[PDB]
Every structure is written in structure tokens, then in C-alpha cells.
Amino acid sequence: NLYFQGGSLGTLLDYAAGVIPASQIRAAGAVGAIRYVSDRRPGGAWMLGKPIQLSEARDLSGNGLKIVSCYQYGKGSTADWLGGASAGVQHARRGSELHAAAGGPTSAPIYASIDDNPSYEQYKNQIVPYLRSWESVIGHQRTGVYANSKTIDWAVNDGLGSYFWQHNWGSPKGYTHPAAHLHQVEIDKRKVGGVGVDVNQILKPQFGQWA
Ligand code: NA
Ligand code: NA
Ligand code: NA
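Residues numbered from 1 in each chain as written, not as in the entry; some residues may be left out. Chains lettered and ligands numbered in written order. Heavy atoms only, no water. Residues with missing side-chain atoms left out of burial classes, pairs and counts.

- Its PDB header names X-ray crystallography as the technique used to obtain the model and reports a resolution of 1.33 Å.

Encoded structure:
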């Protein structure tokens, strides 16, 4: 149960296991997708949904669906942010390249992923340099952050990131950070076109869509 904060402005799906036709996204009641501009990590060769390719972007856009870019390569003991400043330049450069190669415009942001529930120490020591490096590569105005509500608050206070996508791992129950553009409300509980999807709700009308 979410505290009321205004109601969803539409559903965006995210998925790593495969590519979903536009017609099936629409049929599922979604208005678009948040798609990976990242490679497949070790142990992730199954992730046929990484990265989004140009042919998919054209399908989605032609059907009037919204596209948002996000970036996540590693996870857990291989989380991207562990490497701080150097890792942020490496991942932002790669994300930038894959975004451009998918047809993504320079007017759209890329949501860098903090797929964790970090301590404030980890945040200051590792995540701050990581996100500052993202901003050095693509610019503040293009830097989005996928993170829990505590981490979004920290970033907002430090001036890091222009777009925020909240996850629930370490977020207070029912809470939606008021700076957030997008909220992941359900993970890996449903399939569309045979592909497992997470469900995200749009919180603000300008949320990083390509168009
Ligand atoms: Na709202
Ligand atoms: Na609303
Ligand atoms: Na809100």
C-alpha cells in the first residue's frame, strides 16, 4: 500500500530477459518501457534484453510508446558503483555509446543504477564519485539515478542527478520521494510476451522519455 502521492501517470515496464514487441507492451496496459543501454555481465548471457538496439527503438517509437534509458551492468559484489570515480567514467562512456547506437537522443537522460541499499558511508565514499563521473561524461542534465528513497534524498541534497527513479530496497514502506520521476512498484511477478517484467509508475510528466 503506497501513501497517496497523486496517482500514476502511466506504467513503464523494465526487463532484461528479452525484447518485447510494442504491440504486446500496449496490450499489457503499459505506455512504454525503461530499457537497458548496457552490456550483459558474466552470468548474464541470458539477458537478451541488454542492450536495446535501434530496430527495437524504432518499433517502440513508431507505436507511440515512450522509451527511457537506464544503465546497469553488474550487481551485488559486482555493483557498478563499487569502483567509484574510475568506474563512473567507464560505465558512463559505455552507456553513452550504447544509448547513441540505439537511436537515443542527447536530449534524453540515462538512469545510472544503484541497485543496492547502501550505507551513507558507501554513498559518500563510492556512490558520490561514481555519480560525479557520470555527470562529467554526460552532464548533470542527463544524469538520472535509480536508487532507493534515502539515496535519492542524499543525491538531491548533494546536487547529483537531474532525474530520479525510486526502488524499494531500503525505502520506507509506502513512501515515494517527492523528487522522483519514476517508481518501481513491482518486481519479477509478471510476464509479457514470455519475458519477466518489473512495473514502474510515472510520477511526473517529464521523466526522461526520448520523445
Ligand atoms: Na505526485
Ligand atoms: Na497522477
Ligand atoms: Na511525487
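## Quick look at the pattern of salt bridges
And step 1. Summed over all chains, the structure comprises five salt bridges.
And step 2. A salt bridge links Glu-56 to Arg-35, with the nearest nitrogen and oxygen atoms 2.7 Å apart. Of this pair, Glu-56 sits in helix α2 (residues 54-62) while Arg-35 sits in strand β2 (residues 32-36), placing them 21 residues apart in sequence. Assigned by exposure class, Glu-56 and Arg-35 land together as buried.
And step 3. One salt bridge connects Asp-39 with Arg-94, and the closest N-O pair in it is separated by 2.7 Å. Remark: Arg-94 occurs in helix α3 (residues 84-101) and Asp-39 occurs in the loop between β2 and α2; sequence separation between them is 55 residues. (Salt bridge = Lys/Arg side-chain N within 4 Å of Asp/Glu carboxyl O. Helix = DSSP H or I, 4+ residues; strand = E, 2+ residues; numbered from the N terminus. Buried < 20%, exposed > 50% of the residue type's maximum accessible area, 1.4 Å probe, protein only.)

## Brief notes about the nonpolar core
And step 1. Among the nonpolar cores identified, the biggest contains 42 residues, and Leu-13, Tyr-15, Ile-25, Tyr-130 and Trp-134 are the most heavily contacted of them.
And step 2. Top element by residues in this core is helix α4 (residues 120-138). It accounts for six residues.
And step 3. Ignoring sequence-local partners within four residues, the contact set of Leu-13 consists of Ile-25, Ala-30, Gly-32, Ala-33, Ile-34, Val-192, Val-197, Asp-198, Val-199 and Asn-200.
And step 4. Core analysis: the second largest hydrophobic core is formed by 14 residues, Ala-16, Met-47, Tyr-163 and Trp-165 among them. (Core = buried A, V, L, I, M, F, W, Y, C linked by side-chain atoms within 4.5 Å. Contact = heavy atoms within 4.5 Å.)

## Some words on the pairing of strand β7 (residues 182-192)
And step 1. Pairing geometry for strand β6 (residues 163-166) and β7, over two bridges, is parallel. Within β7, the position partnered with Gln-166 by the bridge is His-183.
And step 2. Bridging between β7 and strand β8 (residues 195-202) involves seven bridges; their strand directions are antiparallel. Note on β8: the bridge partner recorded for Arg-190 is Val-197.
And step 3. Hairpin geometry of β7 and β8 is characterised by an intervening segment of two residues between the two adjacent antiparallel strands and by a positive phi of about 50° at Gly-193. (Pairing = 2+ DSSP bridges.)

## Describing the coordination of the sodium ion (ligand 1)
And step 1. Note on the sodium ion (ligand 1): its protein donors are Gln-5 (O) and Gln-5 (OE1). The metal-donor distances range over 2.3 to 2.5 Å.
And step 2. Here the sodium ion (ligand 1) and the sodium ion (ligand 2) are spaced 6.0 Å apart.
And step 3. As for its placement among the helices and strands, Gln-5 is situated in the segment before β1 (11-14). (Donors = N, O, S within 2.8 Å, 3.2 Å for Na, K, Ca; no water.)

## Let's talk about the side chain of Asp-14
And step 1. Note that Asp-14 resides in strand β1.
And step 2. Buried charge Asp-14 goes without a salt bridge, the closest partner of opposite sign being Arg-35 at 8.0 Å.
And step 3. There is a polar contact of 3.1 Å between the side chain of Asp-14 and the side chain of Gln-184.
And step 4. Those residues in contact with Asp-14 that sit more than four places away from it in its chain are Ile-34, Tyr-36, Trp-165, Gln-184, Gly-196, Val-197, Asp-198 and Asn-200. (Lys, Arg positive; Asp, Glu negative; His and termini not counted. Polar contact = N/O pair within 3.5 Å; in protein donor to acceptor, adjacent residues only side chain to side chain.)

## Examining the packing of aromatic side chains
And step 1. Inspection of the entire model under this criterion finds eight aromatic pairs.
And step 2. Pairing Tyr-111 with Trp-165 gives two aromatic rings, centres 6.0 Å apart and planes at 85°, and the pair type is edge-to-face. You can see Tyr-111 sitting in strand β4 (residues 110-113) and its partner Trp-165 sitting in strand β6, a full 54 residues away along the chain.
And step 3. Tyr-111 gets classed as buried once you look at its relative accessible area, which sits at 0%.
And step 4. Centre to centre, the rings of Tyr-146 and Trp-165 are 4.5 Å apart; their planes meet at 55°, and the pair counts as tilted. Of the two residues, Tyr-146 sits in strand β5 (residues 143-147) while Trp-165 sits in strand β6, which places them 19 residues apart along the sequence.
And step 5. A network of ring pairs unites the aromatic residues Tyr-111, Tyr-146, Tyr-163 and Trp-165 as a single cluster.
And step 6. Seen from the ring of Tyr-36, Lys-50 lies directly overhead, with NZ or CZ sitting 4.4 Å from the centre. (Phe/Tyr/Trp six-rings, centres within 6.5 Å; stacked < 30°, edge-to-face > 60°. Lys NZ or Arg CZ within 6 Å of the ring centre and 35° of its normal.)

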